file data_11.cif (mmCIF, C-alpha atoms (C1' of nucleotides))
data_target
#
loop_
_atom_site.label_atom_id
_atom_site.label_comp_id
_atom_site.auth_asym_id
_atom_site.auth_seq_id
_atom_site.Cartn_x
_atom_site.Cartn_y
_atom_site.Cartn_z
CA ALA A 1 -22.05 20.54 32.36
CA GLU A 2 -19.09 20.19 34.34
CA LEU A 3 -20.36 19.83 37.68
CA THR A 4 -22.64 17.49 36.67
CA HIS A 5 -19.99 15.67 35.11
CA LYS A 6 -17.92 15.50 37.99
CA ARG A 7 -20.23 14.58 40.47
CA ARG A 8 -21.44 12.02 38.19
CA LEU A 9 -21.24 8.56 39.28
CA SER A 10 -21.42 5.43 37.50
CA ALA A 11 -22.17 1.90 37.71
CA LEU A 12 -20.38 0.49 34.89
CA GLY A 13 -16.83 -0.01 34.41
CA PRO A 14 -14.35 -2.61 35.15
CA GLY A 15 -15.54 -3.95 38.32
CA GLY A 16 -19.01 -3.10 37.45
CA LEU A 17 -21.31 -4.65 35.04
CA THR A 18 -21.95 -4.43 31.52
CA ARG A 19 -24.94 -3.13 30.01
CA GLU A 20 -25.94 -6.49 28.89
CA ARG A 21 -24.90 -8.72 31.60
CA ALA A 22 -27.06 -6.60 33.82
CA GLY A 23 -30.60 -5.97 33.04
CA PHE A 24 -33.27 -4.11 34.70
CA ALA A 25 -34.21 -4.17 38.21
CA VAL A 26 -30.73 -3.23 38.81
CA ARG A 27 -31.60 -0.01 37.22
CA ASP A 28 -34.13 1.15 39.53
CA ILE A 29 -34.82 3.43 42.19
CA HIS A 30 -34.01 1.41 45.04
CA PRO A 31 -35.65 3.29 47.57
CA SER A 32 -32.59 3.82 49.30
CA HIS A 33 -31.37 6.14 46.77
CA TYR A 34 -33.56 8.65 48.19
CA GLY A 35 -31.54 11.52 49.06
CA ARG A 36 -28.63 10.20 47.50
CA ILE A 37 -29.06 9.93 43.89
CA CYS A 38 -31.00 12.16 41.91
CA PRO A 39 -33.58 10.03 40.47
CA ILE A 40 -34.24 12.38 37.87
CA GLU A 41 -31.25 11.95 36.16
CA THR A 42 -30.01 9.81 33.57
CA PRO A 43 -29.03 9.49 30.10
CA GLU A 44 -30.90 7.12 28.20
CA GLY A 45 -29.90 5.07 25.44
CA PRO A 46 -29.47 1.94 27.23
CA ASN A 47 -27.67 3.56 29.89
CA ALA A 48 -30.70 4.59 31.80
CA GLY A 49 -30.11 3.93 35.29
"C1'" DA B 1 4.58 53.64 -76.76
"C1'" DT B 2 5.06 51.71 -72.47
"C1'" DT B 3 3.35 48.20 -70.65
"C1'" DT B 4 1.62 44.73 -69.66
"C1'" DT B 5 0.78 41.02 -71.93
"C1'" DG B 6 3.87 36.53 -74.15
"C1'" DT B 7 5.78 32.93 -75.40
"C1'" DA B 8 8.55 30.42 -75.88
"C1'" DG B 9 12.03 30.32 -73.36
"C1'" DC B 10 16.15 28.89 -71.28
"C1'" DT B 11 18.97 28.88 -67.32
"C1'" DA B 12 19.83 28.85 -62.56
"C1'" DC B 13 17.80 27.01 -59.24
"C1'" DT B 14 15.76 24.48 -55.48
"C1'" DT B 15 13.31 21.31 -53.72
"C1'" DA B 16 12.92 15.79 -53.16
"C1'" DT B 17 15.27 10.94 -52.36
"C1'" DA B 18 17.06 8.25 -50.51
"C1'" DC B 19 21.00 6.66 -48.04
"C1'" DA B 20 23.99 7.00 -44.62
"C1'" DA B 21 27.12 6.87 -41.97
"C1'" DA B 22 27.95 8.83 -38.80
"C1'" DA B 23 26.57 10.67 -34.64
"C1'" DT B 24 24.70 10.12 -30.34
"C1'" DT B 25 22.54 8.95 -27.23
"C1'" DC B 26 20.62 4.78 -23.92
"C1'" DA B 27 19.82 0.55 -21.57
"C1'" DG B 28 21.22 -3.27 -19.51
"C1'" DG B 29 24.77 -5.84 -17.67
"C1'" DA B 30 27.56 -6.67 -15.32
"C1'" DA B 31 29.82 -6.02 -11.72
"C1'" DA B 32 31.30 -5.29 -8.20
"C1'" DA B 33 30.92 -3.28 -4.32
"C1'" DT B 34 28.78 -3.22 -0.22
"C1'" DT B 35 25.38 -3.05 2.70
"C1'" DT B 36 21.97 -5.89 5.12
"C1'" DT B 37 20.44 -9.85 6.25
"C1'" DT B 38 21.14 -14.38 8.25
"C1'" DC B 39 23.36 -17.97 11.35
"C1'" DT B 40 25.23 -19.95 15.69
"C1'" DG B 41 26.93 -19.93 20.31
"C1'" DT B 42 26.73 -19.09 25.10
"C1'" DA B 43 28.98 -23.59 30.17
"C1'" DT B 44 28.27 -22.35 37.82
"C1'" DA B 45 22.76 -23.68 37.91
"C1'" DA B 46 18.16 -22.92 36.80
"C1'" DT B 47 12.87 -27.93 36.25
"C1'" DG B 48 4.51 -26.54 36.14
"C1'" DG B 49 0.80 -20.37 34.58
"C1'" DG B 50 -2.82 -16.83 35.05
"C1'" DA B 51 -7.20 -15.56 36.16
"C1'" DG B 52 -11.55 -14.48 38.91
"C1'" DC B 53 -15.58 -14.69 36.65
"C1'" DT B 54 -18.96 -15.00 39.24
"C1'" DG B 55 -26.80 -11.34 37.48
"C1'" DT B 56 -30.94 -13.76 30.70
"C1'" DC B 57 -31.66 -18.25 27.74
"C1'" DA B 58 -33.10 -22.51 26.15
"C1'" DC B 59 -33.43 -25.86 24.78
"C1'" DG B 60 -33.24 -29.42 23.92
"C1'" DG B 61 -31.41 -32.22 26.25
"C1'" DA B 62 -31.18 -34.15 29.66
"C1'" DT B 63 -28.40 -38.04 29.72
"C1'" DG B 64 -29.11 -39.47 33.80
"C1'" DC B 65 -31.70 -40.61 37.01
"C1'" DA B 66 -33.28 -42.04 41.28
#

call {"tool": "encode", "arguments": {"input": "data_11.cif", "output": "structure tokens"}}
result
Amino acid sequence: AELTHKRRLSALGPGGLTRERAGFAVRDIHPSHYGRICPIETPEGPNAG
DNA sequence: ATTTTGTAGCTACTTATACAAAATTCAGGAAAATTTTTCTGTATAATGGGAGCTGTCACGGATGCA
């Protein structure tokens, strides 16, 4: 649980978004993530993605 | 034949009363003491702020219009 909580990275935050003010297709696997962001990986709750 | 029962009895004898001032304390007052809260001034000169945020909607309006 650590590691994965260090090398976690996040989109939100001051500078980021909010959950609301950003919806969906901004949560998806832009095909550039490949190799760079485990797509398998996400809370959910709203925070998916 | 004493003993317990008596009866005819009191006196002692002791609650009972009620008052009662005396205590005897208590409360409140009053300060008065003082601690804490307020009030006021200040002289070179001084003259427009902060922020950012930037990804729905809807609708009805949208007057505004060209």

call {"tool": "residues_around", "arguments": {"input": "data_11.cif", "residues": "residue A:27", "least_positions_apart": "6", "cutoff": "10 Å", "atoms": "only C-alpha atoms (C1' of nucleotides)", "output": "list in words"}}
result
residues 11, 47, 48 and 49 of chain A

call {"tool": "resolve_selection", "arguments": {"input": "data_11.cif", "expression": "the PyMOL selection byres ((chain A) within 12 of (chain B))", "output": "number ranges by chain"}}
result
A: 15-26

call {"tool": "axis_aligned_box", "arguments": {"input": "data_11.cif", "around": "stretch 18-23 of chain B", "padding_each_side": "6 Å", "output": "JSON"}}
result
{"center_x": 22.5, "center_y": 8.7, "center_z": -42.6, "size_x": 22.9, "size_y": 16.0, "size_z": 27.9}

call {"tool": "atom_distance", "arguments": {"input": "data_11.cif", "atom1": "atom CA of residue A:40", "atom2": "atom CA of residue A:14"}}
result
25.1 Å

call {"tool": "residues_around", "arguments": {"input": "data_11.cif", "residues": "stretch 6-8 of chain A", "least_positions_apart": "6", "cutoff": "12 Å", "atoms": "only C-alpha atoms (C1' of nucleotides)", "output": "list in words"}}
result
residues 36, 37, 38, 41, 42 and 43 of chain A

call {"tool": "write_last_selection", "arguments": {"input": "data_11.cif", "atoms": "C-alpha atoms", "output": "short mmCIF file (atom, residue, chain, number, x, y, z; two decimals), in the frame of the given file"}}
result
data_model
loop_
_atom_site.label_atom_id
_atom_site.label_comp_id
_atom_site.auth_asym_id
_atom_site.auth_seq_id
_atom_site.Cartn_x
_atom_site.Cartn_y
_atom_site.Cartn_z
CA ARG A 36 -28.63 10.20 47.50
CA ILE A 37 -29.06 9.93 43.89
CA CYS A 38 -31.00 12.16 41.91
CA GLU A 41 -31.25 11.95 36.16
CA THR A 42 -30.01 9.81 33.57
CA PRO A 43 -29.03 9.49 30.10
#

call {"tool": "atom_distance", "arguments": {"input": "data_11.cif", "atom1": "atom CA of residue A:30", "atom2": "atom CA of residue A:12"}}
result
17.0 Å

call {"tool": "decode", "arguments": {"input": "data_11.cif", "residues": "stretch 8-58 of chain B", "atoms": "N, CA and C atoms (P, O5', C5', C4', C3', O3' and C1' of nucleotides)", "output": "compact mmCIF listing (two decimals), in the first residue's frame"}}
result
# COMPACT_ATOMS: atom_id res chain seq x y z
P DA B 8 -61.02 -0.38 97.63
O5' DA B 8 -60.55 0.25 99.04
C5' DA B 8 -59.20 -0.03 99.50
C4' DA B 8 -58.31 1.16 99.22
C3' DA B 8 -59.03 2.41 98.70
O3' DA B 8 -58.46 3.56 99.31
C1' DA B 8 -57.27 1.89 97.29
P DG B 9 -59.28 4.91 98.99
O5' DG B 9 -58.19 5.89 98.31
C5' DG B 9 -57.25 5.35 97.35
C4' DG B 9 -55.88 5.29 97.98
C3' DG B 9 -54.95 6.44 97.63
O3' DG B 9 -55.23 7.59 98.42
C1' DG B 9 -53.77 4.37 97.58
P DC B 10 -55.63 8.77 97.41
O5' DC B 10 -54.47 8.67 96.28
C5' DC B 10 -53.51 9.74 96.16
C4' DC B 10 -52.60 9.74 97.37
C3' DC B 10 -51.24 10.40 97.15
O3' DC B 10 -51.32 11.81 97.33
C1' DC B 10 -50.92 8.24 98.02
P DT B 11 -51.29 12.52 98.77
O5' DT B 11 -49.76 12.38 99.28
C5' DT B 11 -48.68 12.63 98.35
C4' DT B 11 -47.51 11.73 98.69
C3' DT B 11 -46.14 12.27 98.28
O3' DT B 11 -45.15 11.76 99.17
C1' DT B 11 -46.68 10.37 96.96
P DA B 12 -43.70 11.40 98.58
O5' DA B 12 -43.38 12.52 97.45
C5' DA B 12 -42.02 12.68 96.98
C4' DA B 12 -41.62 11.49 96.15
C3' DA B 12 -40.69 11.80 94.98
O3' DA B 12 -40.08 10.58 94.57
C1' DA B 12 -42.85 11.35 94.16
P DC B 13 -38.97 10.75 93.42
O5' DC B 13 -39.46 9.69 92.30
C5' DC B 13 -40.89 9.52 92.07
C4' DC B 13 -41.21 9.97 90.67
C3' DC B 13 -40.24 11.00 90.10
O3' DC B 13 -40.03 10.73 88.72
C1' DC B 13 -42.40 11.80 89.90
P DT B 14 -38.84 11.62 88.11
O5' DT B 14 -39.01 11.27 86.55
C5' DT B 14 -39.98 10.26 86.18
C4' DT B 14 -40.83 10.76 85.04
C3' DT B 14 -40.12 11.72 84.09
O3' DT B 14 -40.60 11.52 82.77
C1' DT B 14 -41.96 12.81 85.06
P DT B 15 -39.57 11.11 81.59
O5' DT B 15 -39.51 12.30 80.61
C5' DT B 15 -40.51 13.21 80.69
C4' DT B 15 -41.83 12.57 80.42
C3' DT B 15 -42.55 13.22 79.29
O3' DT B 15 -43.76 12.60 79.10
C1' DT B 15 -43.48 13.89 81.09
P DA B 16 -44.54 12.84 77.73
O5' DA B 16 -44.79 14.42 77.67
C5' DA B 16 -45.62 15.02 78.59
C4' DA B 16 -46.64 15.88 77.94
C3' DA B 16 -46.18 16.53 76.69
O3' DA B 16 -47.24 17.40 76.23
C1' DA B 16 -45.96 17.97 78.25
P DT B 17 -47.05 18.92 75.72
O5' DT B 17 -47.50 19.75 76.95
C5' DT B 17 -48.63 20.45 76.90
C4' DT B 17 -48.29 21.86 76.62
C3' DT B 17 -47.54 22.01 75.36
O3' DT B 17 -48.42 22.31 74.44
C1' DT B 17 -46.57 23.27 77.14
P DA B 18 -48.34 23.64 73.59
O5' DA B 18 -49.14 24.78 74.40
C5' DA B 18 -48.81 25.21 75.73
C4' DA B 18 -47.89 26.40 75.70
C3' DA B 18 -47.33 26.75 74.32
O3' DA B 18 -47.45 28.14 74.04
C1' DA B 18 -45.67 26.64 75.84
P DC B 19 -46.23 29.17 74.15
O5' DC B 19 -46.20 29.48 75.66
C5' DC B 19 -46.19 30.76 76.01
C4' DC B 19 -44.79 31.20 76.19
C3' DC B 19 -44.27 32.11 75.12
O3' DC B 19 -44.07 33.34 75.74
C1' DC B 19 -42.71 30.56 75.84
P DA B 20 -42.64 34.02 75.89
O5' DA B 20 -41.69 32.91 76.56
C5' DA B 20 -40.85 33.20 77.60
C4' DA B 20 -39.48 33.52 77.10
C3' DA B 20 -39.51 34.35 75.86
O3' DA B 20 -38.45 34.98 75.74
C1' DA B 20 -38.60 32.48 75.39
P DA B 21 -38.60 36.38 75.04
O5' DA B 21 -37.61 37.30 75.83
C5' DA B 21 -37.21 36.89 77.06
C4' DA B 21 -35.92 36.19 76.94
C3' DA B 21 -34.92 36.87 76.05
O3' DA B 21 -33.74 36.59 76.50
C1' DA B 21 -35.19 34.77 75.37
P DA B 22 -33.58 35.84 77.88
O5' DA B 22 -32.09 36.00 78.10
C5' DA B 22 -31.41 36.20 77.03
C4' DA B 22 -31.13 34.91 76.42
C3' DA B 22 -29.95 34.99 75.52
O3' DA B 22 -29.29 33.85 75.57
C1' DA B 22 -31.56 34.06 74.46
P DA B 23 -27.76 33.97 75.88
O5' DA B 23 -27.28 34.89 74.69
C5' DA B 23 -27.65 34.58 73.43
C4' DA B 23 -27.56 33.15 73.28
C3' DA B 23 -26.47 32.82 72.34
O3' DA B 23 -26.10 31.59 72.49
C1' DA B 23 -28.38 32.14 71.50
P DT B 24 -24.78 31.18 71.73
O5' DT B 24 -25.22 30.02 70.74
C5' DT B 24 -26.38 30.15 69.96
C4' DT B 24 -26.07 29.98 68.52
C3' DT B 24 -24.86 30.67 68.14
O3' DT B 24 -24.61 30.32 66.94
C1' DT B 24 -26.51 31.77 67.17
P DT B 25 -23.40 31.03 66.25
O5' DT B 25 -23.07 30.04 65.09
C5' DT B 25 -24.00 29.12 64.80
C4' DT B 25 -25.02 29.69 63.88
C3' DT B 25 -24.49 30.11 62.54
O3' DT B 25 -25.36 29.64 61.72
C1' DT B 25 -25.93 31.61 63.26
P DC B 26 -24.89 29.24 60.29
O5' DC B 26 -25.86 30.09 59.32
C5' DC B 26 -26.52 31.26 59.81
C4' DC B 26 -27.37 31.88 58.75
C3' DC B 26 -26.80 31.81 57.38
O3' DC B 26 -27.74 32.30 56.55
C1' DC B 26 -26.56 33.92 58.13
P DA B 27 -27.35 32.89 55.11
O5' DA B 27 -28.75 33.31 54.54
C5' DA B 27 -29.41 34.28 55.17
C4' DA B 27 -29.11 35.55 54.49
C3' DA B 27 -28.58 35.35 53.10
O3' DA B 27 -29.51 35.90 52.13
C1' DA B 27 -27.35 36.91 54.31
P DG B 28 -29.33 37.34 51.49
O5' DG B 28 -28.84 38.27 52.66
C5' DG B 28 -29.65 39.20 53.17
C4' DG B 28 -29.18 40.50 52.69
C3' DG B 28 -29.00 40.50 51.19
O3' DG B 28 -29.48 41.71 50.55
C1' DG B 28 -27.04 40.93 52.19
P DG B 29 -28.70 43.11 50.59
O5' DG B 29 -28.89 43.60 52.08
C5' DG B 29 -27.81 43.70 52.92
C4' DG B 29 -27.23 45.05 52.90
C3' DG B 29 -27.35 45.79 51.62
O3' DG B 29 -27.24 47.01 51.91
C1' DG B 29 -25.19 45.30 51.99
P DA B 30 -26.73 48.08 50.88
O5' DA B 30 -26.00 48.97 51.89
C5' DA B 30 -25.50 48.33 52.98
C4' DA B 30 -24.10 48.65 53.08
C3' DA B 30 -23.79 49.62 52.02
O3' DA B 30 -22.79 50.33 52.40
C1' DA B 30 -22.52 47.90 51.70
P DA B 31 -22.58 51.66 51.58
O5' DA B 31 -22.12 51.16 50.13
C5' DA B 31 -21.05 50.36 49.97
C4' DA B 31 -20.29 50.39 51.20
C3' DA B 31 -19.18 51.25 51.06
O3' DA B 31 -18.65 51.37 52.22
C1' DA B 31 -18.49 49.14 50.81
P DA B 32 -17.92 52.73 52.54
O5' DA B 32 -16.40 52.32 52.29
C5' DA B 32 -16.07 51.00 52.56
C4' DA B 32 -15.09 50.53 51.61
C3' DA B 32 -14.44 51.65 50.87
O3' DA B 32 -13.10 51.72 51.27
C1' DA B 32 -14.88 49.81 49.55
P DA B 33 -11.96 50.80 50.62
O5' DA B 33 -12.42 49.34 50.86
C5' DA B 33 -11.44 48.41 50.92
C4' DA B 33 -10.97 48.01 49.55
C3' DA B 33 -9.69 48.65 49.03
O3' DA B 33 -8.78 47.66 48.90
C1' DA B 33 -11.31 48.36 47.44
P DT B 34 -7.43 47.90 48.10
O5' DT B 34 -7.85 47.56 46.63
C5' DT B 34 -8.62 46.46 46.44
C4' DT B 34 -8.66 46.14 45.01
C3' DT B 34 -7.53 46.75 44.24
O3' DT B 34 -7.34 46.04 43.23
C1' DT B 34 -9.43 47.34 43.35
P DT B 35 -6.15 45.04 43.24
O5' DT B 35 -6.51 44.12 42.03
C5' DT B 35 -7.76 43.57 42.04
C4' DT B 35 -8.42 43.74 40.74
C3' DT B 35 -7.48 43.69 39.58
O3' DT B 35 -7.98 42.82 38.73
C1' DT B 35 -8.96 45.34 39.36
P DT B 36 -7.57 42.88 37.21
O5' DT B 36 -8.75 43.64 36.58
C5' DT B 36 -9.86 42.92 36.33
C4' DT B 36 -10.70 43.53 35.27
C3' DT B 36 -10.12 43.49 33.93
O3' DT B 36 -11.12 43.68 33.12
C1' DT B 36 -10.32 45.61 34.50
P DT B 37 -11.14 42.97 31.72
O5' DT B 37 -11.95 43.97 30.91
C5' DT B 37 -13.04 44.41 31.47
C4' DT B 37 -13.22 45.86 31.20
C3' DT B 37 -13.09 46.27 29.79
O3' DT B 37 -14.19 46.75 29.46
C1' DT B 37 -12.21 47.82 31.20
P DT B 38 -14.36 47.14 27.97
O5' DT B 38 -13.95 48.60 27.95
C5' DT B 38 -14.89 49.45 27.66
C4' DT B 38 -14.47 50.83 27.99
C3' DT B 38 -14.12 51.61 26.80
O3' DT B 38 -14.71 52.69 26.93
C1' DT B 38 -12.64 51.94 28.41
P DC B 39 -15.18 53.43 25.62
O5' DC B 39 -14.36 54.77 25.67
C5' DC B 39 -13.96 55.21 26.90
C4' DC B 39 -13.22 56.43 26.76
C3' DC B 39 -13.14 56.82 25.36
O3' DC B 39 -13.02 58.15 25.29
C1' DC B 39 -11.05 56.39 26.13
P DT B 40 -12.29 58.80 24.02
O5' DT B 40 -10.81 58.84 24.47
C5' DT B 40 -10.53 59.81 25.29
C4' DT B 40 -9.42 60.58 24.82
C3' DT B 40 -9.51 61.11 23.46
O3' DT B 40 -8.43 61.95 23.42
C1' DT B 40 -7.98 59.48 23.44
P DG B 41 -8.29 63.16 22.41
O5' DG B 41 -6.94 62.81 21.74
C5' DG B 41 -6.16 62.02 22.41
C4' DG B 41 -4.84 62.56 22.41
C3' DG B 41 -4.49 63.12 21.12
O3' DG B 41 -3.22 63.62 21.24
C1' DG B 41 -3.82 60.95 21.26
P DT B 42 -2.47 64.21 19.98
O5' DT B 42 -1.93 62.95 19.31
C5' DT B 42 -1.10 62.26 20.04
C4' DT B 42 0.22 62.30 19.46
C3' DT B 42 0.24 62.87 18.10
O3' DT B 42 1.48 62.84 17.65
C1' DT B 42 -0.08 60.59 18.17
P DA B 43 2.50 63.95 18.08
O5' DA B 43 3.00 64.43 16.76
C5' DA B 43 3.60 63.58 16.04
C4' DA B 43 3.56 64.06 14.67
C3' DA B 43 4.61 65.06 14.35
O3' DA B 43 4.93 64.90 13.11
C1' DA B 43 2.47 65.94 14.18
P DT B 44 6.41 65.19 12.72
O5' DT B 44 6.30 66.58 12.07
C5' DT B 44 5.73 66.67 10.90
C4' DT B 44 6.76 66.56 9.87
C3' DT B 44 6.26 66.32 8.58
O3' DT B 44 5.81 67.42 8.17
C1' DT B 44 8.20 65.22 8.95
P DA B 45 5.15 67.46 6.75
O5' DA B 45 5.19 66.00 6.18
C5' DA B 45 6.06 65.82 5.18
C4' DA B 45 5.71 64.73 4.28
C3' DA B 45 4.30 64.62 3.94
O3' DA B 45 4.31 63.87 2.84
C1' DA B 45 4.86 62.81 5.06
P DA B 46 3.04 63.79 1.91
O5' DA B 46 2.57 62.36 2.26
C5' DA B 46 3.54 61.44 2.43
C4' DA B 46 3.19 60.23 1.73
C3' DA B 46 1.77 60.19 1.39
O3' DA B 46 1.53 59.07 0.79
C1' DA B 46 2.13 59.23 3.39
P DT B 47 1.13 59.13 -0.72
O5' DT B 47 -0.38 58.85 -0.73
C5' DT B 47 -0.80 57.78 -1.42
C4' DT B 47 -2.23 57.90 -1.53
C3' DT B 47 -2.67 58.33 -2.89
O3' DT B 47 -3.78 57.78 -3.22
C1' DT B 47 -3.36 59.75 -1.41
P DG B 48 -3.64 56.82 -4.45
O5' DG B 48 -4.80 55.84 -4.46
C5' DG B 48 -4.51 54.74 -5.10
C4' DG B 48 -5.14 53.64 -4.47
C3' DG B 48 -4.94 52.41 -5.21
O3' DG B 48 -5.26 51.43 -4.49
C1' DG B 48 -6.94 53.42 -5.76
P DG B 49 -4.44 50.10 -4.69
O5' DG B 49 -4.85 49.21 -3.51
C5' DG B 49 -6.06 48.74 -3.47
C4' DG B 49 -6.01 47.46 -2.84
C3' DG B 49 -4.97 46.62 -3.43
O3' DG B 49 -5.11 45.44 -2.88
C1' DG B 49 -6.92 46.18 -4.41
P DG B 50 -4.12 44.28 -3.24
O5' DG B 50 -4.90 43.06 -2.73
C5' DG B 50 -6.13 42.91 -3.17
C4' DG B 50 -6.37 41.48 -3.26
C3' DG B 50 -5.18 40.77 -3.71
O3' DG B 50 -5.37 39.46 -3.48
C1' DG B 50 -6.67 41.22 -5.46
P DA B 51 -4.83 38.38 -4.51
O5' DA B 51 -5.93 38.38 -5.64
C5' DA B 51 -7.19 37.96 -5.33
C4' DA B 51 -7.51 36.84 -6.21
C3' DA B 51 -6.30 36.20 -6.82
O3' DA B 51 -6.43 34.86 -6.87
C1' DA B 51 -7.44 37.59 -8.34
P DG B 52 -7.67 34.16 -7.57
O5' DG B 52 -7.66 34.69 -9.04
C5' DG B 52 -8.78 34.60 -9.75
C4' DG B 52 -8.59 33.58 -10.82
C3' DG B 52 -7.40 32.69 -10.68
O3' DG B 52 -7.79 31.42 -11.00
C1' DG B 52 -7.13 34.27 -12.41
P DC B 53 -8.20 30.43 -9.83
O5' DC B 53 -9.20 29.47 -10.54
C5' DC B 53 -10.54 29.82 -10.56
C4' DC B 53 -10.99 29.89 -11.98
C3' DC B 53 -9.85 29.68 -12.98
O3' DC B 53 -10.32 29.01 -14.08
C1' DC B 53 -10.86 31.71 -13.33
P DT B 54 -9.85 27.53 -14.44
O5' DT B 54 -11.18 26.86 -14.88
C5' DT B 54 -12.27 27.66 -15.03
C4' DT B 54 -12.15 28.48 -16.29
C3' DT B 54 -11.51 27.75 -17.42
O3' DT B 54 -12.49 27.06 -18.10
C1' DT B 54 -10.86 30.06 -17.27
P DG B 55 -12.61 25.48 -17.93
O5' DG B 55 -14.16 25.22 -17.72
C5' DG B 55 -15.04 25.42 -18.78
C4' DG B 55 -15.48 24.11 -19.38
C3' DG B 55 -16.18 23.14 -18.43
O3' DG B 55 -17.20 22.40 -19.09
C1' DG B 55 -14.26 22.16 -19.26
P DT B 56 -18.36 21.71 -18.23
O5' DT B 56 -18.72 20.44 -19.04
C5' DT B 56 -19.57 20.57 -20.09
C4' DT B 56 -20.95 20.17 -19.66
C3' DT B 56 -22.08 20.98 -20.28
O3' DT B 56 -23.02 20.06 -20.92
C1' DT B 56 -22.36 20.83 -18.00
P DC B 57 -24.43 19.60 -20.31
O5' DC B 57 -25.20 20.93 -20.00
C5' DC B 57 -25.79 21.01 -18.78
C4' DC B 57 -27.17 21.48 -18.91
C3' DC B 57 -27.40 22.28 -20.16
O3' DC B 57 -28.68 22.02 -20.70
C1' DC B 57 -27.03 23.60 -18.20
P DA B 58 -29.62 20.84 -20.16
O5' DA B 58 -30.23 21.43 -18.75
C5' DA B 58 -30.21 22.88 -18.37
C4' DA B 58 -31.24 23.67 -19.10
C3' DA B 58 -31.07 23.73 -20.58
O3' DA B 58 -32.03 22.91 -21.15
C1' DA B 58 -30.96 25.85 -19.67
